[PDB]
file upload16.cif (mmCIF, C-alpha atoms)
data_target
loop_
_atom_site.label_atom_id
_atom_site.label_comp_id
_atom_site.auth_asym_id
_atom_site.auth_seq_id
_atom_site.Cartn_x
_atom_site.Cartn_y
_atom_site.Cartn_z
CA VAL A 1 20.93 -0.33 -20.76
CA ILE A 2 22.63 -2.23 -17.97
CA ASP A 3 23.85 -0.28 -14.95
CA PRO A 4 26.96 -0.66 -12.76
CA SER A 5 27.45 0.27 -9.11
CA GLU A 6 27.01 4.01 -9.74
CA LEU A 7 24.11 3.91 -7.23
CA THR A 8 24.04 5.17 -3.62
CA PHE A 9 21.88 2.89 -1.43
CA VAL A 10 20.16 5.09 1.07
CA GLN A 11 17.06 3.35 2.55
CA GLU A 12 14.59 0.46 2.14
CA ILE A 13 10.84 0.78 1.50
CA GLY A 14 9.14 -2.57 0.89
CA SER A 15 10.00 -6.17 1.76
CA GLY A 16 9.05 -9.69 0.73
CA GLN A 17 11.13 -12.48 -0.77
CA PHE A 18 11.79 -11.43 -4.39
CA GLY A 19 13.30 -8.01 -3.97
CA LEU A 20 13.93 -5.57 -1.16
CA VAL A 21 13.03 -2.11 -2.40
CA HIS A 22 15.94 0.23 -1.83
CA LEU A 23 15.79 3.97 -2.30
CA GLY A 24 19.13 5.31 -3.50
CA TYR A 25 20.81 7.61 -6.02
CA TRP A 26 22.41 7.11 -9.40
CA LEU A 27 25.08 9.53 -10.58
CA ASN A 28 23.65 11.32 -7.57
CA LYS A 29 21.76 13.13 -10.34
CA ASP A 30 18.50 11.20 -10.16
CA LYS A 31 16.25 9.95 -7.47
CA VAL A 32 15.49 6.30 -7.98
CA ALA A 33 13.92 3.20 -6.48
CA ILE A 34 16.22 0.19 -6.59
CA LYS A 35 14.67 -3.26 -6.31
CA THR A 36 17.24 -5.92 -5.54
CA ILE A 37 16.59 -9.68 -5.77
CA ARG A 38 18.13 -12.25 -3.35
CA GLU A 39 20.14 -15.44 -4.00
CA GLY A 40 17.65 -18.22 -4.72
CA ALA A 41 14.67 -16.07 -5.72
CA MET A 42 15.08 -16.30 -9.51
CA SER A 43 17.36 -17.64 -12.24
CA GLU A 44 19.71 -15.17 -13.91
CA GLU A 45 18.05 -15.84 -17.25
CA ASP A 46 14.61 -16.16 -15.67
CA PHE A 47 14.85 -12.62 -14.28
CA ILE A 48 16.78 -11.44 -17.35
CA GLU A 49 13.60 -12.23 -19.29
CA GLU A 50 10.97 -10.17 -17.47
CA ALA A 51 13.47 -7.34 -17.31
CA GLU A 52 13.83 -7.49 -21.11
CA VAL A 53 10.12 -6.97 -21.76
CA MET A 54 9.66 -4.26 -19.12
CA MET A 55 12.07 -2.19 -21.28
CA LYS A 56 9.83 -2.93 -24.27
CA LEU A 57 6.72 -1.21 -22.87
CA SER A 58 6.61 2.49 -22.09
CA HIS A 59 3.67 4.76 -21.14
CA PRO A 60 3.38 7.90 -18.92
CA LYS A 61 1.32 5.66 -16.66
CA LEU A 62 3.71 2.78 -16.25
CA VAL A 63 6.58 3.26 -13.79
CA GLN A 64 9.51 4.17 -15.97
CA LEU A 65 12.47 1.91 -15.28
CA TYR A 66 16.11 3.03 -15.44
CA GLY A 67 18.92 0.54 -15.51
CA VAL A 68 19.76 -2.88 -14.18
CA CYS A 69 22.49 -4.36 -12.04
CA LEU A 70 23.33 -7.70 -13.71
CA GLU A 71 26.89 -6.50 -12.95
CA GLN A 72 26.95 -9.10 -10.21
CA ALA A 73 26.35 -8.60 -6.45
CA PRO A 74 22.78 -7.73 -5.47
CA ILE A 75 21.31 -7.99 -8.97
CA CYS A 76 18.64 -5.30 -8.71
CA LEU A 77 16.28 -3.36 -10.91
CA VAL A 78 16.36 0.43 -10.76
CA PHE A 79 13.19 2.33 -11.58
CA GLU A 80 12.51 6.02 -11.29
CA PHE A 81 11.27 7.11 -7.93
CA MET A 82 7.61 7.68 -7.27
CA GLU A 83 7.52 10.57 -4.78
CA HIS A 84 4.41 9.17 -3.05
CA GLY A 85 4.48 5.50 -2.08
CA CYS A 86 1.95 3.14 -3.50
CA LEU A 87 -1.66 4.15 -4.17
CA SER A 88 -2.50 1.77 -1.40
CA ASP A 89 -0.72 3.53 1.48
CA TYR A 90 -1.27 6.95 -0.06
CA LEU A 91 -4.96 6.20 0.04
CA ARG A 92 -4.75 5.23 3.69
CA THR A 93 -3.27 8.49 5.01
CA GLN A 94 -4.41 11.75 3.49
CA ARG A 95 -7.82 10.03 3.84
CA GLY A 96 -10.89 12.21 3.51
CA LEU A 97 -9.47 15.27 1.78
CA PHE A 98 -10.22 13.38 -1.41
CA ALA A 99 -12.89 14.73 -3.73
CA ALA A 100 -14.47 12.64 -6.52
CA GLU A 101 -13.38 14.14 -9.84
CA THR A 102 -9.94 13.16 -8.46
CA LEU A 103 -10.43 9.65 -7.18
CA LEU A 104 -11.67 9.22 -10.72
CA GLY A 105 -8.63 11.22 -11.90
CA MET A 106 -6.44 8.31 -10.91
CA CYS A 107 -8.48 5.37 -12.01
CA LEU A 108 -8.00 6.40 -15.63
CA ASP A 109 -4.31 6.87 -14.93
CA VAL A 110 -4.28 3.22 -13.92
CA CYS A 111 -6.59 2.45 -16.79
CA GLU A 112 -4.66 4.30 -19.48
CA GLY A 113 -1.80 2.36 -18.11
CA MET A 114 -3.64 -0.98 -18.32
CA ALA A 115 -5.20 -0.48 -21.76
CA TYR A 116 -1.64 -0.24 -23.09
CA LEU A 117 -0.51 -3.54 -21.57
CA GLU A 118 -3.98 -4.85 -22.35
CA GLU A 119 -3.01 -4.19 -25.95
CA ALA A 120 0.64 -4.87 -25.27
CA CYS A 121 -1.07 -8.20 -24.91
CA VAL A 122 0.55 -8.44 -21.54
CA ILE A 123 -1.21 -9.80 -18.46
CA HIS A 124 -0.29 -7.87 -15.32
CA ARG A 125 -0.82 -10.70 -12.86
CA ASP A 126 -1.49 -8.51 -9.77
CA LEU A 127 -3.16 -5.15 -10.49
CA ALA A 128 -3.90 -3.64 -7.13
CA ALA A 129 -3.88 -0.60 -4.93
CA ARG A 130 -0.70 -2.09 -3.51
CA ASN A 131 1.13 -2.29 -6.82
CA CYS A 132 0.29 0.95 -8.51
CA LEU A 133 2.16 4.08 -7.52
CA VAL A 134 1.52 7.82 -6.94
CA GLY A 135 4.01 10.35 -8.21
CA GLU A 136 4.60 13.72 -9.88
CA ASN A 137 1.27 15.21 -8.77
CA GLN A 138 -1.84 13.00 -8.67
CA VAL A 139 -0.26 11.24 -11.66
CA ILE A 140 -0.65 7.48 -11.14
CA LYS A 141 1.65 4.85 -12.68
CA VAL A 142 1.51 1.03 -12.41
CA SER A 143 4.36 -1.30 -11.54
CA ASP A 144 5.52 -4.66 -10.20
CA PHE A 145 3.95 -6.16 -13.32
CA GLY A 146 5.58 -8.56 -15.75
CA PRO A 147 -4.55 -12.39 -3.66
CA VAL A 148 -7.79 -14.12 -4.64
CA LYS A 149 -9.48 -11.03 -3.25
CA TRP A 150 -8.51 -9.14 -6.38
CA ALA A 151 -8.77 -12.24 -8.57
CA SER A 152 -11.70 -13.23 -10.79
CA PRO A 153 -13.87 -16.39 -10.92
CA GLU A 154 -11.58 -18.00 -13.50
CA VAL A 155 -8.51 -17.61 -11.24
CA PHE A 156 -9.80 -19.25 -8.05
CA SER A 157 -11.03 -22.40 -9.68
CA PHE A 158 -8.72 -22.48 -12.73
CA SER A 159 -6.00 -19.82 -12.53
CA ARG A 160 -7.04 -18.94 -16.11
CA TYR A 161 -6.02 -15.26 -16.31
CA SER A 162 -6.79 -13.35 -19.51
CA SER A 163 -6.31 -9.56 -19.34
CA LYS A 164 -10.02 -9.53 -18.55
CA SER A 165 -8.93 -11.56 -15.53
CA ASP A 166 -7.37 -8.28 -14.45
CA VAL A 167 -10.27 -6.11 -15.53
CA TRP A 168 -11.75 -7.51 -12.30
CA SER A 169 -8.67 -6.94 -10.19
CA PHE A 170 -8.88 -3.47 -11.70
CA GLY A 171 -12.28 -3.31 -10.19
CA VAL A 172 -11.46 -4.36 -6.69
CA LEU A 173 -8.63 -1.86 -6.81
CA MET A 174 -11.05 0.80 -8.06
CA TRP A 175 -13.18 -0.05 -5.12
CA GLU A 176 -10.17 0.73 -2.95
CA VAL A 177 -9.47 3.98 -4.76
CA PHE A 178 -12.93 5.09 -3.69
CA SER A 179 -13.17 3.50 -0.26
CA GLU A 180 -10.06 5.57 0.36
CA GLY A 181 -7.86 2.54 0.80
CA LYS A 182 -9.88 -0.16 2.52
CA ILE A 183 -9.30 -3.91 2.30
CA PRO A 184 -12.15 -5.45 0.33
CA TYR A 185 -13.56 -8.73 1.70
CA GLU A 186 -12.10 -8.31 5.21
CA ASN A 187 -14.33 -10.13 7.72
CA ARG A 188 -14.12 -12.97 5.27
CA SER A 189 -11.96 -16.06 4.71
CA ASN A 190 -10.31 -16.53 1.31
CA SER A 191 -11.94 -19.91 1.79
CA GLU A 192 -15.26 -18.08 2.09
CA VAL A 193 -14.64 -14.97 0.03
CA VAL A 194 -15.06 -17.14 -3.00
CA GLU A 195 -18.45 -18.49 -2.11
CA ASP A 196 -19.80 -15.01 -1.28
CA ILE A 197 -18.79 -13.87 -4.80
CA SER A 198 -19.56 -17.24 -6.24
CA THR A 199 -23.22 -16.73 -5.30
CA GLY A 200 -23.00 -13.22 -6.71
CA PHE A 201 -21.71 -10.94 -3.91
CA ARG A 202 -19.90 -7.80 -5.06
CA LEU A 203 -18.35 -5.20 -2.76
CA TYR A 204 -20.89 -2.80 -1.30
CA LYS A 205 -20.88 0.70 -2.81
CA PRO A 206 -18.19 2.90 -1.23
CA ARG A 207 -19.82 6.25 -0.36
CA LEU A 208 -17.66 8.37 -2.57
CA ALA A 209 -18.51 5.83 -5.29
CA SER A 210 -21.05 7.24 -7.60
CA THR A 211 -24.12 5.53 -9.00
CA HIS A 212 -22.49 5.45 -12.45
CA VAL A 213 -19.26 4.32 -10.94
CA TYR A 214 -20.83 1.32 -9.32
CA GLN A 215 -22.09 0.62 -12.84
CA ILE A 216 -18.58 -0.18 -13.97
CA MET A 217 -17.32 -1.75 -10.77
CA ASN A 218 -19.79 -4.52 -11.61
CA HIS A 219 -18.89 -4.48 -15.31
CA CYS A 220 -15.56 -5.37 -13.84
CA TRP A 221 -17.22 -7.91 -11.59
CA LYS A 222 -19.52 -9.48 -14.14
CA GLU A 223 -19.10 -13.21 -13.55
CA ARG A 224 -18.51 -14.11 -17.21
CA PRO A 225 -15.35 -12.81 -18.92
CA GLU A 226 -16.76 -12.31 -22.42
CA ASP A 227 -19.22 -9.71 -21.03
CA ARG A 228 -16.61 -7.73 -19.03
CA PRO A 229 -15.47 -4.63 -20.96
CA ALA A 230 -11.95 -4.10 -22.35
CA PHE A 231 -9.57 -1.62 -20.82
CA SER A 232 -9.77 0.03 -24.22
CA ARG A 233 -13.49 0.65 -23.85
CA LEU A 234 -13.26 1.42 -20.11
CA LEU A 235 -11.05 4.41 -20.86
CA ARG A 236 -13.76 5.84 -23.08
CA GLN A 237 -16.22 4.94 -20.33
CA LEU A 238 -14.35 6.59 -17.41
CA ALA A 239 -13.67 9.52 -19.72
CA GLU A 240 -17.42 9.93 -19.89
CA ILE A 241 -18.09 9.89 -16.10
CA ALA A 242 -15.05 12.04 -15.36
CA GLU A 243 -17.18 14.57 -17.24
CA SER A 244 -20.06 15.47 -14.86
CA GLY A 245 -21.00 13.18 -11.96
#
call {"tool": "encode", "arguments": {"input": "upload16.cif", "output": "structure tokens"}}
result
Amino acid sequence: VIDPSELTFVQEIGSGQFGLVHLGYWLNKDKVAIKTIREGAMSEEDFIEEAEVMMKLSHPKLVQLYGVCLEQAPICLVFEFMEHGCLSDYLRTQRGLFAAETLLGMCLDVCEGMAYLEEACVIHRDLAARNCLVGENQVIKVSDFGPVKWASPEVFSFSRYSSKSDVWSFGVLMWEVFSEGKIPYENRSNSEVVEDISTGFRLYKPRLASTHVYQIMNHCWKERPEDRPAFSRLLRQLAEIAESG
């Protein structure tokens, strides 16, 4: 479902060399988030690809995408518009006012999301506070799919992702969720961070984090893949804890 220039570029909200995020309007009817590319950033085909599979997957937790502008000029990707930035930022401000049944009432949102792609046998190579999004009321959807801090042991040394490679990045994020948006492994050098975790150093327990929460966080940070859960199981797991304390 390719789109033409029926979009009204209003503002920008996110930089980096691979797409400037541009809030605009299509048909004026819907609010959207338009991510443009550049000029040398990615092949036509190259980018055609990823776009093709993002239209394949669809879940009330994954940022729904709208149309595309292969119609020459700034070839961009137009997704719906999440009314509340990225979990990251959203977690920064608003800080405090967050209760626990809710911080947990997001994690699953991410999770639900990730079990799908987990099964969609799709490896989101960057699951983080900074990639997920907040929208139509506490509802949390994931995007930018298709940073050693969030990586796992088999990504530093090998770069051997495996869906379970994420399960960890899902952890670090989780951490964030709870530590209301704090950078994990700060007073630490990437070229240090590793060691710390290499020995066996996990992120301290963020206050809001519960005793049974920290149980998972580590299930996410188990050193060996094989013994790290599966998003599929996690969902059942977080479903449990979301039921009590």
call {"tool": "closest_atom_pairs", "arguments": {"input": "upload16.cif", "of": "segment 37-132 of chain A", "to": "segment 148-151 of chain A", "cutoff": "8 Å", "atoms": "only C-alpha atoms", "output": "Markdown table"}}
result
| residue | atom | partner | partner_atom | distance |
| --- | --- | --- | --- | --- |
| A:126 | CA | A:150 | CA | 7.8 |
| A:127 | CA | A:150 | CA | 7.8 |
| A:128 | CA | A:150 | CA | 7.2 |
call {"tool": "write_last_selection", "arguments": {"input": "upload16.cif", "atoms": "C-alpha atoms", "output": "compact mmCIF listing (two decimals), keeping the file's coordinate frame"}}
result
# COMPACT_ATOMS: atom_id res chain seq x y z
CA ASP A 126 -1.49 -8.51 -9.77
CA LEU A 127 -3.16 -5.15 -10.49
CA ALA A 128 -3.90 -3.64 -7.13
call {"tool": "resolve_selection", "arguments": {"input": "upload16.cif", "expression": "the PyMOL selection byres ((chain A and resi 78) around 6)", "output": "ChimeraX atom specification"}}
result
/A:33-34,66-68,77,79
call {"tool": "closest_residue", "arguments": {"input": "upload16.cif", "among": "A:199, A:241, A:209, A:166", "to": "residue 228 of chain A", "atoms": "all atoms listed in the file"}}
result
A:166
call {"tool": "resolve_selection", "arguments": {"input": "upload16.cif", "expression": "the PyMOL selection byres ((chain A and resi 4) around 12)", "output": "PDB file with C-alpha atoms, in the frame of the given file"}}
result
ATOM      1  CA  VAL A   1      20.930  -0.330 -20.760  1.00  0.00           C
ATOM      2  CA  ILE A   2      22.630  -2.230 -17.970  1.00  0.00           C
ATOM      3  CA  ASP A   3      23.850  -0.280 -14.950  1.00  0.00           C
ATOM      4  CA  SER A   5      27.450   0.270  -9.110  1.00  0.00           C
ATOM      5  CA  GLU A   6      27.010   4.010  -9.740  1.00  0.00           C
ATOM      6  CA  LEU A   7      24.110   3.910  -7.230  1.00  0.00           C
ATOM      7  CA  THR A   8      24.040   5.170  -3.620  1.00  0.00           C
ATOM      8  CA  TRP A  26      22.410   7.110  -9.400  1.00  0.00           C
ATOM      9  CA  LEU A  27      25.080   9.530 -10.580  1.00  0.00           C
ATOM     10  CA  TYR A  66      16.110   3.030 -15.440  1.00  0.00           C
ATOM     11  CA  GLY A  67      18.920   0.540 -15.510  1.00  0.00           C
ATOM     12  CA  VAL A  68      19.760  -2.880 -14.180  1.00  0.00           C
ATOM     13  CA  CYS A  69      22.490  -4.360 -12.040  1.00  0.00           C
ATOM     14  CA  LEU A  70      23.330  -7.700 -13.710  1.00  0.00           C
ATOM     15  CA  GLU A  71      26.890  -6.500 -12.950  1.00  0.00           C
ATOM     16  CA  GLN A  72      26.950  -9.100 -10.210  1.00  0.00           C
ATOM     17  CA  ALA A  73      26.350  -8.600  -6.450  1.00  0.00           C
ATOM     18  CA  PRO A  74      22.780  -7.730  -5.470  1.00  0.00           C
ATOM     19  CA  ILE A  75      21.310  -7.990  -8.970  1.00  0.00           C
ATOM     20  CA  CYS A  76      18.640  -5.300  -8.710  1.00  0.00           C
ATOM     21  CA  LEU A  77      16.280  -3.360 -10.910  1.00  0.00           C
ATOM     22  CA  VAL A  78      16.360   0.430 -10.760  1.00  0.00           C
TER      23      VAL A  78
END
call {"tool": "atom_distance", "arguments": {"input": "upload16.cif", "atom1": "atom CA of residue 37 of chain A", "atom2": "atom CA of residue 146 of chain A"}}
result
14.9 Å
call {"tool": "residues_around", "arguments": {"input": "upload16.cif", "residues": "residue 143 of chain A", "least_positions_apart": "5", "cutoff": "9 Å", "atoms": "only C-alpha atoms", "output": "mmCIF file with C-alpha atoms, in the coordinates of the input"}}
result
data_model
loop_
_atom_site.group_PDB
_atom_site.id
_atom_site.type_symbol
_atom_site.label_atom_id
_atom_site.label_comp_id
_atom_site.auth_asym_id
_atom_site.auth_seq_id
_atom_site.Cartn_x
_atom_site.Cartn_y
_atom_site.Cartn_z
ATOM 1 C CA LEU A 62 3.710 2.780 -16.250
ATOM 2 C CA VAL A 63 6.580 3.260 -13.790
ATOM 3 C CA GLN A 64 9.510 4.170 -15.970
ATOM 4 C CA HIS A 124 -0.290 -7.870 -15.320
ATOM 5 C CA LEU A 127 -3.160 -5.150 -10.490
ATOM 6 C CA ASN A 131 1.130 -2.290 -6.820
ATOM 7 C CA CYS A 132 0.290 0.950 -8.510
ATOM 8 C CA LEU A 133 2.160 4.080 -7.520
#
call {"tool": "residues_around", "arguments": {"input": "upload16.cif", "residues": "residue 235 of chain A", "least_positions_apart": "2", "cutoff": "9 Å", "atoms": "only C-alpha atoms", "output": "PDB file with C-alpha atoms, keeping the file's coordinate frame"}}
result
ATOM      1  CA  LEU A 108      -8.000   6.400 -15.630  1.00  0.00           C
ATOM      2  CA  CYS A 111      -6.590   2.450 -16.790  1.00  0.00           C
ATOM      3  CA  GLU A 112      -4.660   4.300 -19.480  1.00  0.00           C
ATOM      4  CA  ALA A 115      -5.200  -0.480 -21.760  1.00  0.00           C
ATOM      5  CA  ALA A 230     -11.950  -4.100 -22.350  1.00  0.00           C
ATOM      6  CA  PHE A 231      -9.570  -1.620 -20.820  1.00  0.00           C
ATOM      7  CA  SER A 232      -9.770   0.030 -24.220  1.00  0.00           C
ATOM      8  CA  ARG A 233     -13.490   0.650 -23.850  1.00  0.00           C
ATOM      9  CA  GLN A 237     -16.220   4.940 -20.330  1.00  0.00           C
ATOM     10  CA  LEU A 238     -14.350   6.590 -17.410  1.00  0.00           C
ATOM     11  CA  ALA A 239     -13.670   9.520 -19.720  1.00  0.00           C
ATOM     12  CA  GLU A 240     -17.420   9.930 -19.890  1.00  0.00           C
TER      13      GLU A 240
END
call {"tool": "closest_residue", "arguments": {"input": "upload16.cif", "among": "A:223, A:50, A:119, A:12", "to": "residue 198 of chain A", "atoms": "all atoms listed in the file"}}
result
A:223
call {"tool": "closest_residue", "arguments": {"input": "upload16.cif", "among": "A:154, A:101, A:192, A:44", "to": "residue 222 of chain A", "atoms": "all atoms listed in the file"}}
result
A:154
call {"tool": "atom_distance", "arguments": {"input": "upload16.cif", "atom1": "atom CA of residue 11 of chain A", "atom2": "atom CA of residue 35 of chain A"}}
result
11.3 Å
call {"tool": "resolve_selection", "arguments": {"input": "upload16.cif", "expression": "the PyMOL selection byres ((chain A and resi 90) around 10)", "output": "PyMOL selection string"}}
result
chain A and resi 84-89+91-95+129-130+133-134+177+180-181
call {"tool": "atom_distance", "arguments": {"input": "upload16.cif", "atom1": "atom CA of residue 13 of chain A", "atom2": "atom CA of residue 96 of chain A"}}
result
24.6 Å
call {"tool": "residues_around", "arguments": {"input": "upload16.cif", "residues": "residue 168 of chain A", "least_positions_apart": "4", "cutoff": "8 Å", "atoms": "only C-alpha atoms", "output": "list in words"}}
result
residues 150, 151, 152, 164, 172, 220 and 221 of chain A
call {"tool": "closest_residue", "arguments": {"input": "upload16.cif", "among": "A:217, A:122, A:23, A:110", "to": "residue 61 of chain A", "atoms": "all atoms listed in the file"}}
result
A:110
call {"tool": "residues_around", "arguments": {"input": "upload16.cif", "residues": "residue 31 of chain A", "least_positions_apart": "2", "cutoff": "7 Å", "atoms": "all atoms listed in the file", "output": "ChimeraX atom specification"}}
result
/A:24-25,29,80-81
call {"tool": "closest_residue", "arguments": {"input": "upload16.cif", "among": "A:197, A:99, A:65, A:216", "to": "residue 145 of chain A", "atoms": "only C-alpha atoms"}}
result
A:65
call {"tool": "axis_aligned_box", "arguments": {"input": "upload16.cif", "around": "segment 32-49 of chain A", "padding_each_side": "6 Å", "output": "JSON"}}
result
{"center_x": 16.9, "center_y": -6.0, "center_z": -11.3, "size_x": 18.5, "size_y": 36.5, "size_z": 27.9}
call {"tool": "residues_near_point", "arguments": {"input": "upload16.cif", "point": "(-24.2, 3.7, -3.9)", "cutoff": "12 Å", "atoms": "all atoms listed in the file", "output": "PDB file with C-alpha atoms, keeping the file's coordinate frame"}}
result
ATOM      1  CA  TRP A 175     -13.180  -0.050  -5.120  1.00  0.00           C
ATOM      2  CA  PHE A 178     -12.930   5.090  -3.690  1.00  0.00           C
ATOM      3  CA  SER A 179     -13.170   3.500  -0.260  1.00  0.00           C
ATOM      4  CA  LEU A 203     -18.350  -5.200  -2.760  1.00  0.00           C
ATOM      5  CA  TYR A 204     -20.890  -2.800  -1.300  1.00  0.00           C
ATOM      6  CA  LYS A 205     -20.880   0.700  -2.810  1.00  0.00           C
ATOM      7  CA  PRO A 206     -18.190   2.900  -1.230  1.00  0.00           C
ATOM      8  CA  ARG A 207     -19.820   6.250  -0.360  1.00  0.00           C
ATOM      9  CA  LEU A 208     -17.660   8.370  -2.570  1.00  0.00           C
ATOM     10  CA  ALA A 209     -18.510   5.830  -5.290  1.00  0.00           C
ATOM     11  CA  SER A 210     -21.050   7.240  -7.600  1.00  0.00           C
ATOM     12  CA  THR A 211     -24.120   5.530  -9.000  1.00  0.00           C
ATOM     13  CA  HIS A 212     -22.490   5.450 -12.450  1.00  0.00           C
ATOM     14  CA  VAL A 213     -19.260   4.320 -10.940  1.00  0.00           C
ATOM     15  CA  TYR A 214     -20.830   1.320  -9.320  1.00  0.00           C
ATOM     16  CA  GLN A 215     -22.090   0.620 -12.840  1.00  0.00           C
ATOM     17  CA  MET A 217     -17.320  -1.750 -10.770  1.00  0.00           C
TER      18      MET A 217
END
